[PDB]
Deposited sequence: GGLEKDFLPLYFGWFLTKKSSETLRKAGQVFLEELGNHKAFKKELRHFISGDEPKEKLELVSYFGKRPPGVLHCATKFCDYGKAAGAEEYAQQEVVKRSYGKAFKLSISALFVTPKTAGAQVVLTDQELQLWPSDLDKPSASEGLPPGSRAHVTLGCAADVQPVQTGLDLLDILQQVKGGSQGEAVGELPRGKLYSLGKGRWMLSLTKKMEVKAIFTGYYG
């Protein structure tokens, strides 16, 4: 047949990618320098940690929010995903993604995406997902620790939302900082950030 992409997703514009990337960097700088984070460094790893370097594996270019990992058809449900009318119809079209929070764990750094009803139509329907609304996994990856694979980022977000399912420990310029234990951190943005993106397929 025609082989599918490596994955489908929304790919941020240059502009939006810059803006979100910087926001992520600033968050990492602020968080690592924050008194509340320094107290819990023993629950984060095994003197201050520079989190921008810790998350050394970062997206090189434009950022994205993946929908369905297809691995060129080899992944289960890949064909069944690509054949959908709403996918074929939305291919190449513009969307705005809403960023609700930035998060950090011992494994990944990322941004939480809250999909619109329309965008959720593009979310795949193939135990981490249990109990949470559809599309909760939706994220943009900002960084990964050396031996992590950024499939981890989605799992990390889901685990975090399973927790949030109390009171702020800190105040950052962009919002409230929450300490969720086990080295997990969440910045809830006072103002949700809007990024512009195009739905398409990555081949690489």
| item | value |
| --- | --- |
| Gaps in the model, given as deposited-sequence positions counted from residue 1 | 1-4, 51-55, 136-139, 179-182 |
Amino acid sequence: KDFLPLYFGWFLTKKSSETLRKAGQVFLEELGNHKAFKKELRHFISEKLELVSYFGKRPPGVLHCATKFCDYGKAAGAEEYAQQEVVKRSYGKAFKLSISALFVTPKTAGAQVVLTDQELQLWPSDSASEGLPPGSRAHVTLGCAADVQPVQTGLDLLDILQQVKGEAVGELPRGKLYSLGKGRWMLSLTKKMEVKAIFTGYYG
From here on, numbers count along this sequence of modelled residues.
query	finding
Between 66-74 and 47-55 (mean CA B-factor, as deposited), the higher	47-55
Higher-scoring stretch by recorded Cα B factor average, 182-190 or 14-22	182-190
Deposited CA B-factor, highest of 143, 154, 135, 166	166
Ranked against its chain, the third holding the CA B-factor of residue 128	highest
Assigned third (lowest, middle, highest) for the C-alpha B factor of residue 202	lowest
Residue 7 CA temperature factor, ranked by third within the chain	lowest
Ranked against its chain, the third holding the CA B-factor of residue 147	lowest
